[PDB]
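Student: What follows is a structure written as structure tokens; I'll ask about it next.
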Amino acid sequence: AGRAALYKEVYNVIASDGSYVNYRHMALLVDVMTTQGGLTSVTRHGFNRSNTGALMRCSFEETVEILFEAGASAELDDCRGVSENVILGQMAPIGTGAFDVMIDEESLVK
Amino acid sequence: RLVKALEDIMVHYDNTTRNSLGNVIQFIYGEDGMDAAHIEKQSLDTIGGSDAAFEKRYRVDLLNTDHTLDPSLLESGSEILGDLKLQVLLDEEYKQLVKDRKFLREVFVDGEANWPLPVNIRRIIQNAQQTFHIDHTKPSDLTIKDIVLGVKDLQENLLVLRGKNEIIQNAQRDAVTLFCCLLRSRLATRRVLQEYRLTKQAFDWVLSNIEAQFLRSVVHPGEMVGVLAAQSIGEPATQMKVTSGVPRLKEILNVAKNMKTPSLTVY
Amino acid sequence: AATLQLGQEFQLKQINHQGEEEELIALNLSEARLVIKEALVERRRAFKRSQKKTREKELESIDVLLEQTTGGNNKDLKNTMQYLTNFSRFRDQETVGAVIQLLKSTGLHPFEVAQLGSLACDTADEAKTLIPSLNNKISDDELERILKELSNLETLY
Amino acid sequence: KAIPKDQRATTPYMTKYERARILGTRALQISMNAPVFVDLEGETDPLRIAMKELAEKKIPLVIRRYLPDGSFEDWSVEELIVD
Amino acid sequence: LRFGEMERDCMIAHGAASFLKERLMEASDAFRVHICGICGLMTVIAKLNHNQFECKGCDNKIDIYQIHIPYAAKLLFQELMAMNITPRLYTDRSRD
Amino acid sequence: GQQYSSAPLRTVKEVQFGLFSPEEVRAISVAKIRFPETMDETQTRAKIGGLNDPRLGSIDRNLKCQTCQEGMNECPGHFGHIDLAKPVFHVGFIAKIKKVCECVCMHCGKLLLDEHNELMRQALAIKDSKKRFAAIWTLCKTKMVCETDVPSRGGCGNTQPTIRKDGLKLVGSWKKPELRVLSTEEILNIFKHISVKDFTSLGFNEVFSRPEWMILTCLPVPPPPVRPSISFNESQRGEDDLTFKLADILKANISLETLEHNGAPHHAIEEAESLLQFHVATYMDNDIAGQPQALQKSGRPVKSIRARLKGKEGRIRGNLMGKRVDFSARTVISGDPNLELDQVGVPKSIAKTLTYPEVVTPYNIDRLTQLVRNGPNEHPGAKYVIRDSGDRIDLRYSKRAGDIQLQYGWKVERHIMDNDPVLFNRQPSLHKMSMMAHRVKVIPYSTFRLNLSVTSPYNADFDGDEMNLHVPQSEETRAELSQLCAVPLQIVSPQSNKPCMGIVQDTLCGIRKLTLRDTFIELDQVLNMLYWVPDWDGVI
Amino acid sequence: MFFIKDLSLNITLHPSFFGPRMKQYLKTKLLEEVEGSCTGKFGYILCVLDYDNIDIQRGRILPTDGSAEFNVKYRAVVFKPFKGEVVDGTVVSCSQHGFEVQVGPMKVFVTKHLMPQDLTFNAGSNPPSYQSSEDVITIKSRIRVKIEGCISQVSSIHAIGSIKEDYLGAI
Ligand SMILES: [Mg+2]
Ligand SMILES: [Zn+2]
Ligand SMILES: [Zn+2]
Ligand SMILES: [Zn+2]
């Protein structure tokens, strides 16, 4: 019921503005706010207080605190996040780079 | 806040929306698996119309004179009348449409029949009539088993998930139920033999076009849907009893413990 | 050092490219020459197959015929062949099989029997001084016997 | 760990990203003097030649689609249904 | 011109990762550094005029990895090392 | 353009964050840095053993950086250290250490309560480390007495004091009341007596983090590649703020050692200890609340590392997520109905300024040869050549040589001609439609010309609005940019499942009057209307 | 020591080498780089056994440049020195700090301080030779050297030997 009610609340402001937005986007947004149980705020206290990699959380707002807690608690980063691959300066798993291209030597003789 | 809120969310090669850490937000993107660039507003002919119009349209009787079939519609209309098998098939199709009407009554309680769905059937029908020179006062070479079995064979060709297990087929049927109801509504024996007067190559061409466009309306795996949603919500925010607008949006996104106008709607 | 504790890739436990376990292969300067000189022959057959469509002179001449096979970038292997040949006293793989039969009869480590077959000694104290790993792992009389049979297996070529 | 051919349950259609990277890498190889498998109609641009090879499925590549659990599949661009 | 954060977010919205990598490396700044196998820090002294490498404090002269990171990221790592924080980099996945 | 290396090239995967151990700091560093002076006494070179000696990195290009050799464009830098005679605390850990002081005994160094307590048994079952430390802290912060015998255990029993933070210090209160200030050496000793299960039950990993490592003992010294000094006019030389902070740490450390060597006034030792603690604290984080702010001699606050990592447009926002890039042009945009939908009119000066590196192939060897023989002055020309050896020859001063012949495998950089897709953008750019590729059409003047059917997704108007143009420098990113970003491929936006581009302005007002029943056109004008269509079949 | 070990190498090929015969090219490269060179982890690589049954595995395309990367697993005969290892050798170059013994592809050095007291350096001879109380160490002379330490640098390996202990010296 909290989920459906949240969807109604968001949809209301959209329809009030006199605009149309597809069901997909609003559904995705609502679901993200409810996948950890309860209601989760969209804040710097609402996704930087849960693990996603030290870089991904530190990039948004409070950099030094997140980094210090990371080094203190010996945290490990998986480094498949978007911002992480951006910072390191190499290909990320998004779109074209979400798959590797290979070669088949058995196909060259065709 | 919206951009940095929805960023590391994408769709992998399994038609399942999950972030980089593997947390599943949605088992199917948009709960249907369709991109937002191939959806068009369609009308549901199952709920629309009165009961007398519903029974007047979706009943093609062969052994009864209440909703009998006009033999001048098709070439073999003199031999279709009096057949028990085709009448049983018409009973199964009619019962299926009635069950679809009860289901649509339970899903949409507002009474609206216009909803965004993929594949435009009207343009395919018009392109078939203007392509095969289908005009009025032209007997068709189709029968009841060709349209019924044609639709039943087209309903199995619609595939979004490429699995074969129990849960995969259950999610496929539950994700294709509405579209199959729309196809069973627009593809009735009376609607094709009476109004459209489609032939064999025209009907098969319509089936191939519906299946084809359905295979093109599938969302591609690997598309950033979180950023697209954050933009699709943040863009209308620029154009901006209870409080509305930007403050209300702030209270909703921040999930505040107190609202500007805490009101109820007691029914 | 020389205390039966080599590196990581040189440990007693080795793994082949198939995934099975294999013991470390230690070779002395006897069959080690017949294996290089051996494989270079089949390498010459492989070079002449795709082409279709006293003891020192033969050594250097064969090393030239095999130098024509390679791209002139591995002459240290040929100089190593001259080193081994100038320091080798063994010949024929049959006698080498007998030597392995005499080395494996005591139940020692492959590196130890490699240092045994690769060094020319007359007494047991020489083998115990040149090989710090062998000082009490095997009897001295047995080592002297092995050196006697080996002394009968060596022949001036 | 390389799913076999009888268990490949991914979409047989080539996506726009796969076609894009196949045309980009193939055109990059053609620009670097790669053996062309199709007879040219007088083209000079490498991208047009890459699209000419994709139109006849003469591109000698195979896609390693990574699955979210760490596995992958090998769908050759010749068996992939384009468009 | 400045390629800000919103521009990068648009490039992610289009799904082009190669243009993002090229724009954030070759089009701006690209640096090459060497990291050590045991510790993922940039203490590898590189004297490659004679092809020689070391890493101080962990006894390595063989296993040395080469990575291309932007100069700003190297400034971040060096500032973290100046702030008593270890940004150890590993080319292999130990967690699996 | 850097020098080649024989090391294996790999990508960067897992990144581990941990604390710097003092032994590892001493093992990474190369110099001790004892003299607070910047340059040498002769006002030249470097101090050799000071704040910026050749044992670290160097700038000015001409210098070689002794211990890397090579140059400044290659030098990663080198690390120094500072060996203190009195341990100091780190700002970002002052709270955490305090929490540790409220989670462990202050004598026997054992955890308060025990595994026999039910609440501790429930708290230890949590898998999250931060929640474990939180709850265990909530339990141990209440019990202020270790115990020797606990019914169904370590000894001690000494009353655990109350630790309070005050002026970068920790004061302990005993009720017994005896209040004594906890020194850094005592806290560090107690931390040295912490068992494995104790700190591993708090959330520490032996190989990466230690409570003893949380207390600063030796300080790393970053190279000038991090704090680049300046020597302007050879008589106006400016040093960075971190350099002044290192000078303060050296003066306070040497002063404290001198005061602790001969005699002990007990008060000047605490004043020098709080002075060194203040210089290190302000060195790590100058903007610390409840403490005085260090100010430079010019009149501005001291720039710390935390200030470089905290504010906007710093290292994260202005150097990683975003950055100022090359191969771009910004100018005023204007309309042109004679152009196509996806094209954009680029001025000739911009086309001659920006360039694109093309690869020499037997298909365009004659064309690129013509571009070389034309010169950089003419528009159909080139600017630089790149031989297969990875070396760039400029076309300027190359005509003095005479002839330049191209070979297979080279990369000649030409100017932006026609049919070249480049990214077009307009700030703030809140749509994915706000950045779209375009086909370059070379036109004179200085304004970007474009069709008015693209001004609606850009939200622009021809009144002084400037736009940005980025150019790809690779064929792979150009093809991937042409197959994913295009104006025809962005007609129907996925935002509201309707086309975002349409007929706007005078064309929409004119098509209505054209589609009126009273609108009739004569033959002589109809012929020109039908001939104005580009794809007209020619059938009237 | 002359050991045999299965080694793996990553071979890079230019896009111009993608013909059907490319496998041969691989082997070609696999020879030209491996035979004769040296590694600080496995020692001086001598020969490469098993030329017909060379595994090719699967070639992967790295992003830019378009070059092909291969992982080859083969069997090779390599030579790796060890510390405290009795070997034999022949002198090549002579120095006042000691004569440089040649053991296979490795040029070991023997320090003068690591020599007995009776062994003295003689520069008046051509070539300069080390004359002792019974043996004369010349270039063409054969000397049994006991290696004390070895250095394993990348693509470069040098060792230090000695002959002070008993059962050593000239052969
Ligand atoms: Mg304006
Ligand atoms: Zn290291
Ligand atoms: Zn340096
Ligand atoms: Zn206690």
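Residue numbering restarts at 1 in every chain; chains get A, B, ... in the order shown in the structure tokens, and ligands count up from 1 in that same order.
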Residues contacting ligand 1 - anything with an atom at most 12 Å away, using only C-alpha atoms and all ligand atoms - can you give me those as number ranges by chain?
Tutor: F: 332-334, 426-428, 455, 458-467
Student: Please produce a file of those selected residues containing N, CA and C atoms, as a compact mmCIF listing (two decimals), in the first residue's frame.
Tutor:
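Just written: result-v6.txt:
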# COMPACT_ATOMS: atom_id res chain seq x y z
N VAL F 332 27.89 31.74 -30.83
CA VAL F 332 26.46 32.03 -30.92
C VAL F 332 25.86 31.23 -32.07
N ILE F 333 24.69 30.64 -31.83
CA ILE F 333 24.00 29.84 -32.83
C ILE F 333 22.88 30.67 -33.44
N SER F 334 22.58 30.40 -34.70
CA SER F 334 21.54 31.11 -35.42
C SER F 334 20.87 30.15 -36.40
N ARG F 426 24.10 22.28 -25.69
CA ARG F 426 23.75 23.58 -25.13
C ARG F 426 23.48 23.42 -23.64
N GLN F 427 24.21 24.17 -22.82
CA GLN F 427 24.03 24.14 -21.37
C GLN F 427 22.67 24.73 -20.99
N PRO F 428 22.10 24.30 -19.85
CA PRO F 428 22.63 23.33 -18.88
C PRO F 428 22.50 21.88 -19.33
N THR F 455 15.72 23.39 -32.47
CA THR F 455 15.78 24.33 -31.36
C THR F 455 14.80 24.00 -30.25
N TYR F 458 16.59 21.50 -27.75
CA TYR F 458 17.66 22.25 -27.11
C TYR F 458 17.14 23.35 -26.20
N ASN F 459 15.87 23.74 -26.35
CA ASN F 459 15.27 24.84 -25.59
C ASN F 459 16.09 26.12 -25.76
N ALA F 460 16.25 26.52 -27.02
CA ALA F 460 17.10 27.64 -27.38
C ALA F 460 16.32 28.67 -28.19
N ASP F 461 16.87 29.88 -28.24
CA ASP F 461 16.31 30.97 -29.02
C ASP F 461 17.45 31.83 -29.55
N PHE F 462 17.27 32.35 -30.75
CA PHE F 462 18.33 33.10 -31.44
C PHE F 462 18.33 34.54 -30.94
N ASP F 463 18.92 34.66 -29.75
CA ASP F 463 19.10 35.90 -29.07
C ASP F 463 20.36 35.85 -28.22
N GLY F 464 21.52 35.63 -28.82
CA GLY F 464 22.74 35.64 -28.05
C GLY F 464 23.08 34.34 -27.35
N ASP F 465 22.38 33.25 -27.67
CA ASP F 465 22.64 31.97 -27.02
C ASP F 465 23.85 31.29 -27.66
N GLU F 466 24.81 30.92 -26.82
CA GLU F 466 26.00 30.20 -27.27
C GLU F 466 25.80 28.71 -27.07
N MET F 467 26.44 27.93 -27.94
CA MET F 467 26.44 26.48 -27.85
C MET F 467 27.87 25.96 -27.99
Student: Contacts of residue D:27 at 8 Å or less, counting only C-alpha atoms, minus same-chain residues fewer than 5 places along, as a short mmCIF file (atom, residue, chain, number, x, y, z; two decimals) with N, CA, C and O atoms, in the first residue's frame?
Tutor:
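Wrote it out as result_16.cif, contents follow:
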data_model
loop_
_atom_site.label_atom_id
_atom_site.label_comp_id
_atom_site.auth_asym_id
_atom_site.auth_seq_id
_atom_site.Cartn_x
_atom_site.Cartn_y
_atom_site.Cartn_z
N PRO D 46 35.66 3.44 -44.92
CA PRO D 46 35.70 2.14 -44.24
C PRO D 46 34.37 1.75 -43.60
O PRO D 46 34.06 0.55 -43.56
N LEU D 47 33.60 2.71 -43.11
CA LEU D 47 32.32 2.38 -42.49
C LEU D 47 31.34 1.80 -43.50
O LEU D 47 30.59 0.87 -43.19
N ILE D 49 32.17 0.06 -46.09
CA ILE D 49 32.62 -1.30 -46.35
C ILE D 49 32.21 -2.22 -45.20
O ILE D 49 31.83 -3.37 -45.42
N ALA D 50 32.29 -1.72 -43.96
CA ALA D 50 31.88 -2.52 -42.82
C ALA D 50 30.39 -2.83 -42.87
O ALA D 50 29.97 -3.96 -42.59
N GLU F 475 37.95 6.87 -35.17
CA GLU F 475 36.95 6.34 -36.09
C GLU F 475 35.93 5.47 -35.35
O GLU F 475 34.75 5.46 -35.71
N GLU F 476 36.38 4.73 -34.33
CA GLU F 476 35.47 3.87 -33.59
C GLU F 476 34.42 4.69 -32.85
O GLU F 476 33.22 4.39 -32.90
#
Student: To one decimal place in Å, what is the distance between atom CA of residue B:202 and atom CA of residue B:121?
Tutor: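 Straight-line distance from atom CA of residue B:202 to atom CA of residue B:121 works out to 13.2 Å.
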Student: Give the alpha helix (DSSP H) residues of chain D, as assigned by DSSP on the backbone, as a PyMOL selection string.
Tutor: chain D and resi 16-31+46-55
Student: Keeping N, CA, C and O atoms for every residue in the selection just given, could you write it to a file as a JSON list (two decimals), in the first residue's frame?
Tutor:
[["chain", "number", "residue", "atom", "x", "y", "z"],
["D", 16, "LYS", "N", 21.16, -2.86, -31.24],
["D", 16, "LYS", "CA", 21.79, -1.70, -31.86],
["D", 16, "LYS", "C", 23.19, -1.46, -31.31],
["D", 16, "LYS", "O", 24.06, -0.94, -32.02],
["D", 17, "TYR", "N", 23.43, -1.84, -30.05],
["D", 17, "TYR", "CA", 24.77, -1.71, -29.49],
["D", 17, "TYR", "C", 25.73, -2.73, -30.09],
["D", 17, "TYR", "O", 26.88, -2.40, -30.39],
["D", 18, "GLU", "N", 25.26, -3.97, -30.26],
["D", 18, "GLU", "CA", 26.11, -4.99, -30.87],
["D", 18, "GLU", "C", 26.41, -4.66, -32.33],
["D", 18, "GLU", "O", 27.55, -4.80, -32.78],
["D", 19, "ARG", "N", 25.40, -4.21, -33.08],
["D", 19, "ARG", "CA", 25.64, -3.78, -34.45],
["D", 19, "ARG", "C", 26.57, -2.57, -34.49],
["D", 19, "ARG", "O", 27.42, -2.46, -35.38],
["D", 20, "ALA", "N", 26.43, -1.67, -33.52],
["D", 20, "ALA", "CA", 27.27, -0.47, -33.49],
["D", 20, "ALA", "C", 28.73, -0.82, -33.25],
["D", 20, "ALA", "O", 29.62, -0.36, -33.97],
["D", 21, "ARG", "N", 29.00, -1.65, -32.24],
["D", 21, "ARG", "CA", 30.38, -2.00, -31.94],
["D", 21, "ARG", "C", 30.97, -2.94, -32.99],
["D", 21, "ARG", "O", 32.18, -2.92, -33.23],
["D", 22, "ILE", "N", 30.13, -3.76, -33.62],
["D", 22, "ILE", "CA", 30.62, -4.63, -34.69],
["D", 22, "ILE", "C", 31.00, -3.80, -35.91],
["D", 22, "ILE", "O", 32.03, -4.05, -36.55],
["D", 23, "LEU", "N", 30.19, -2.79, -36.24],
["D", 23, "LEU", "CA", 30.53, -1.92, -37.37],
["D", 23, "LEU", "C", 31.71, -1.02, -37.05],
["D", 23, "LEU", "O", 32.49, -0.68, -37.95],
["D", 24, "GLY", "N", 31.86, -0.62, -35.79],
["D", 24, "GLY", "CA", 32.96, 0.24, -35.39],
["D", 24, "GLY", "C", 34.29, -0.48, -35.35],
["D", 24, "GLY", "O", 35.29, 0.01, -35.88],
["D", 25, "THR", "N", 34.31, -1.65, -34.72],
["D", 25, "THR", "CA", 35.53, -2.45, -34.67],
["D", 25, "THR", "C", 35.88, -3.00, -36.05],
["D", 25, "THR", "O", 37.05, -3.00, -36.45],
["D", 26, "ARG", "N", 34.88, -3.46, -36.80],
["D", 26, "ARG", "CA", 35.13, -3.96, -38.14],
["D", 26, "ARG", "C", 35.63, -2.85, -39.06],
["D", 26, "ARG", "O", 36.57, -3.05, -39.84],
["D", 27, "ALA", "N", 35.01, -1.67, -38.98],
["D", 27, "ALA", "CA", 35.48, -0.54, -39.78],
["D", 27, "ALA", "C", 36.87, -0.10, -39.35],
["D", 27, "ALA", "O", 37.67, 0.34, -40.19],
["D", 28, "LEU", "N", 37.19, -0.21, -38.06],
["D", 28, "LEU", "CA", 38.52, 0.13, -37.58],
["D", 28, "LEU", "C", 39.56, -0.85, -38.12],
["D", 28, "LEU", "O", 40.68, -0.44, -38.46],
["D", 29, "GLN", "N", 39.21, -2.13, -38.19],
["D", 29, "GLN", "CA", 40.13, -3.11, -38.78],
["D", 29, "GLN", "C", 40.29, -2.88, -40.27],
["D", 29, "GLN", "O", 41.41, -2.96, -40.80],
["D", 30, "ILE", "N", 39.19, -2.58, -40.97],
["D", 30, "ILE", "CA", 39.27, -2.30, -42.41],
["D", 30, "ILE", "C", 40.14, -1.08, -42.67],
["D", 30, "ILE", "O", 40.90, -1.04, -43.65],
["D", 31, "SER", "N", 40.06, -0.07, -41.80],
["D", 31, "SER", "CA", 40.94, 1.08, -41.92],
["D", 31, "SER", "C", 42.40, 0.71, -41.69],
["D", 31, "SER", "O", 43.29, 1.42, -42.19],
["D", 46, "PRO", "N", 35.66, 3.44, -44.92],
["D", 46, "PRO", "CA", 35.70, 2.14, -44.24],
["D", 46, "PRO", "C", 34.37, 1.75, -43.60],
["D", 46, "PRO", "O", 34.06, 0.55, -43.56],
["D", 47, "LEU", "N", 33.60, 2.71, -43.11],
["D", 47, "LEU", "CA", 32.32, 2.38, -42.49],
["D", 47, "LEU", "C", 31.34, 1.80, -43.50],
["D", 47, "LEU", "O", 30.59, 0.87, -43.19],
["D", 48, "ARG", "N", 31.34, 2.33, -44.73],
["D", 48, "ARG", "CA", 30.47, 1.79, -45.77],
["D", 48, "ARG", "C", 30.86, 0.36, -46.12],
["D", 48, "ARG", "O", 30.00, -0.47, -46.42],
["D", 49, "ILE", "N", 32.17, 0.06, -46.09],
["D", 49, "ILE", "CA", 32.62, -1.30, -46.35],
["D", 49, "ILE", "C", 32.21, -2.22, -45.20],
["D", 49, "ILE", "O", 31.83, -3.37, -45.42],
["D", 50, "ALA", "N", 32.29, -1.72, -43.96],
["D", 50, "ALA", "CA", 31.88, -2.52, -42.82],
["D", 50, "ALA", "C", 30.39, -2.83, -42.87],
["D", 50, "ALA", "O", 29.97, -3.96, -42.59],
["D", 51, "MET", "N", 29.57, -1.84, -43.24],
["D", 51, "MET", "CA", 28.14, -2.09, -43.41],
["D", 51, "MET", "C", 27.88, -3.01, -44.60],
["D", 51, "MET", "O", 26.90, -3.76, -44.60],
["D", 52, "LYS", "N", 28.74, -2.97, -45.62],
["D", 52, "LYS", "CA", 28.61, -3.88, -46.74],
["D", 52, "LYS", "C", 28.90, -5.32, -46.32],
["D", 52, "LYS", "O", 28.27, -6.26, -46.81],
["D", 53, "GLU", "N", 29.86, -5.50, -45.40],
["D", 53, "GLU", "CA", 30.13, -6.83, -44.88],
["D", 53, "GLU", "C", 29.04, -7.30, -43.92],
["D", 53, "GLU", "O", 28.74, -8.49, -43.86],
["D", 54, "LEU", "N", 28.45, -6.37, -43.16],
["D", 54, "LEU", "CA", 27.36, -6.74, -42.27],
["D", 54, "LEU", "C", 26.10, -7.09, -43.04],
["D", 54, "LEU", "O", 25.32, -7.95, -42.60],
["D", 55, "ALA", "N", 25.87, -6.45, -44.19],
["D", 55, "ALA", "CA", 24.71, -6.76, -45.00],
["D", 55, "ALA", "C", 24.76, -8.16, -45.59],
["D", 55, "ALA", "O", 23.71, -8.72, -45.94]]
Student: Using only C-alpha atoms and all ligand atoms, what are the residues with an atom within 6 Å of ligand 4, set out as a PyMOL selection string?
Tutor: chain F and resi 105+107-108+110+146+156-157
Student: Taking only C-alpha atoms into account, find every residue of chain G that has an atom no more than 10 Å from chain D, and write it out as a list in words.
Tutor: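 Residues satisfying the distance criterion: residues 14, 15, 16, 17, 18, 19, 60, 61, 63, 64, 65, 66 and 67 of chain G.
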Student: Store the residues picked out above in a file with N, CA and C atoms, as a short mmCIF file (atom, residue, chain, number, x, y, z; two decimals), in the first residue's frame.
Tutor:
data_model
loop_
_atom_site.label_atom_id
_atom_site.label_comp_id
_atom_site.auth_asym_id
_atom_site.auth_seq_id
_atom_site.Cartn_x
_atom_site.Cartn_y
_atom_site.Cartn_z
N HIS G 14 48.94 -7.94 -35.21
CA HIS G 14 48.36 -6.83 -35.94
C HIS G 14 47.17 -7.30 -36.77
N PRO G 15 46.16 -6.45 -36.96
CA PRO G 15 45.00 -6.86 -37.77
C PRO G 15 45.35 -7.30 -39.18
N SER G 16 46.55 -6.99 -39.68
CA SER G 16 46.96 -7.44 -41.01
C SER G 16 47.36 -8.91 -41.04
N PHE G 17 47.41 -9.58 -39.89
CA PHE G 17 47.84 -10.97 -39.81
C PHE G 17 46.67 -11.92 -39.52
N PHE G 18 45.47 -11.58 -39.99
CA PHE G 18 44.27 -12.36 -39.70
C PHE G 18 43.92 -13.32 -40.83
N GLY G 19 44.91 -13.75 -41.62
CA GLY G 19 44.68 -14.72 -42.65
C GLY G 19 44.37 -16.09 -42.08
N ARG G 60 41.23 -13.11 -28.24
CA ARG G 60 40.34 -12.05 -27.78
C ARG G 60 40.79 -10.71 -28.36
N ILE G 61 39.82 -9.86 -28.65
CA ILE G 61 40.07 -8.54 -29.22
C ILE G 61 40.05 -7.51 -28.09
N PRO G 63 40.22 -3.46 -26.82
CA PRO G 63 39.48 -2.32 -27.37
C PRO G 63 40.17 -1.57 -28.50
N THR G 64 41.00 -0.58 -28.16
CA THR G 64 41.61 0.26 -29.18
C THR G 64 42.66 -0.51 -29.96
N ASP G 65 43.15 0.12 -31.04
CA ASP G 65 44.21 -0.42 -31.89
C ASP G 65 43.77 -1.67 -32.66
N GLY G 66 42.80 -2.41 -32.13
CA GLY G 66 42.26 -3.57 -32.81
C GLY G 66 43.18 -4.77 -32.88
N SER G 67 44.32 -4.74 -32.19
CA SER G 67 45.23 -5.88 -32.21
C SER G 67 44.63 -7.06 -31.46
#
Student: Using only C-alpha atoms and all ligand atoms, find each residue with an atom at most 9 Å away from ligand 3 and format the answer as a PyMOL selection string.
Tutor: (chain E and resi 45-46) or (chain F and resi 54-58+64-72+74-78+223+225)
Student: Quick one: residues within 9 Å of ligand 2, with only C-alpha atoms and all ligand atoms, as a PyMOL selection string?
Tutor: (chain E and resi 35-44+54-60+63-64) or (chain F and resi 28)
Student: So that I have them on file, write out the residues from the current selection with C-alpha atoms, as a JSON list (two decimals), in the first residue's frame.
Tutor:
[["chain", "number", "residue", "atom", "x", "y", "z"],
["E", 35, "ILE", "CA", 51.75, -0.31, -9.59],
["E", 36, "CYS", "CA", 53.11, -3.24, -7.60],
["E", 37, "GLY", "CA", 51.66, -6.73, -7.28],
["E", 38, "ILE", "CA", 51.81, -7.09, -3.50],
["E", 39, "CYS", "CA", 50.76, -3.52, -2.64],
["E", 40, "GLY", "CA", 48.62, -1.50, -5.02],
["E", 41, "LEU", "CA", 50.42, 1.80, -4.47],
["E", 42, "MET", "CA", 52.50, 3.96, -6.81],
["E", 43, "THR", "CA", 55.87, 3.41, -5.11],
["E", 44, "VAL", "CA", 57.28, 1.55, -8.15],
["E", 54, "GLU", "CA", 61.45, -1.47, -8.11],
["E", 55, "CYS", "CA", 58.79, -0.97, -5.48],
["E", 56, "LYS", "CA", 60.09, 0.40, -2.20],
["E", 57, "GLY", "CA", 59.04, -1.37, 0.98],
["E", 58, "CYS", "CA", 57.76, -4.67, -0.42],
["E", 59, "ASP", "CA", 60.79, -6.36, -2.05],
["E", 60, "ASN", "CA", 59.61, -6.53, -5.67],
["E", 63, "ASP", "CA", 55.93, -8.23, -10.93],
["E", 64, "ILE", "CA", 55.20, -4.63, -11.97],
["F", 28, "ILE", "CA", 57.48, 4.04, 1.02]]
Student: Name the residues in contact with stretch 64-80 of chain C at a cut-off of 8 Å, using only C-alpha atoms, excluding same-chain residues fewer than 3 positions from it; report them as number ranges by chain.
Tutor: C: 40, 44, 47, 60-61, 83-84; G: 32, 35-37, 46-47, 104-105
Student: List the spatial neighbours of stretch 73-86 of chain G as an MDAnalysis selection string - criterion: any atom at most 7 Å away, only C-alpha atoms, same-chain residues fewer than 6 positions off excluded.
Tutor: (chainID C and resid 1:2 17 130) or (chainID G and resid 1:9 42:50 54:55 145:150)
Student: Once you have the residues from the selection above, write them out as a compact mmCIF listing (two decimals), in the first residue's frame, restricted to C-alpha atoms.
Tutor:
# COMPACT_ATOMS: atom_id res chain seq x y z
CA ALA C 1 69.95 -21.14 -1.16
CA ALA C 2 70.85 -24.80 -1.65
CA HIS C 17 48.84 -27.26 -18.74
CA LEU C 130 79.70 -30.20 -3.75
CA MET G 1 70.03 -25.95 -13.82
CA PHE G 2 68.41 -27.12 -17.06
CA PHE G 3 64.72 -27.62 -16.27
CA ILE G 4 61.59 -28.16 -18.36
CA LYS G 5 58.47 -26.15 -17.55
CA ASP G 6 55.13 -25.39 -19.20
CA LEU G 7 55.00 -21.64 -19.84
CA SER G 8 52.19 -19.37 -21.01
CA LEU G 9 52.58 -16.19 -23.06
CA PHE G 42 61.81 -18.73 -15.08
CA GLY G 43 65.42 -18.01 -16.05
CA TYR G 44 67.08 -18.14 -19.43
CA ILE G 45 64.67 -19.80 -21.87
CA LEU G 46 66.64 -22.23 -24.02
CA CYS G 47 64.35 -24.26 -26.30
CA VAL G 48 60.62 -24.92 -26.75
CA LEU G 49 59.49 -28.54 -26.85
CA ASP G 50 56.32 -29.76 -28.57
CA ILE G 54 50.71 -26.10 -29.47
CA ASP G 55 47.44 -25.02 -27.87
CA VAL G 145 82.80 -22.30 -9.75
CA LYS G 146 80.38 -22.58 -6.82
CA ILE G 147 77.67 -19.97 -7.30
CA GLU G 148 76.91 -18.15 -4.04
CA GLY G 149 74.17 -15.74 -5.11
CA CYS G 150 71.96 -15.01 -8.09
Student: Show which residues sit within 12 Å of residue A:41, as a ChimeraX atom specification. Count only C-alpha atoms, and ignore same-chain residues fewer than 6 positions away.
Tutor: /A:6,29-30,32-35,47-50 /B:1-2,5,250-257
Student: For residue B:158, find every residue with an atom within 8 Å (counting only C-alpha atoms), except residues of its own chain fewer than 5 positions away, and show them as a ChimeraX atom specification.
Tutor: /B:176,211,214-215
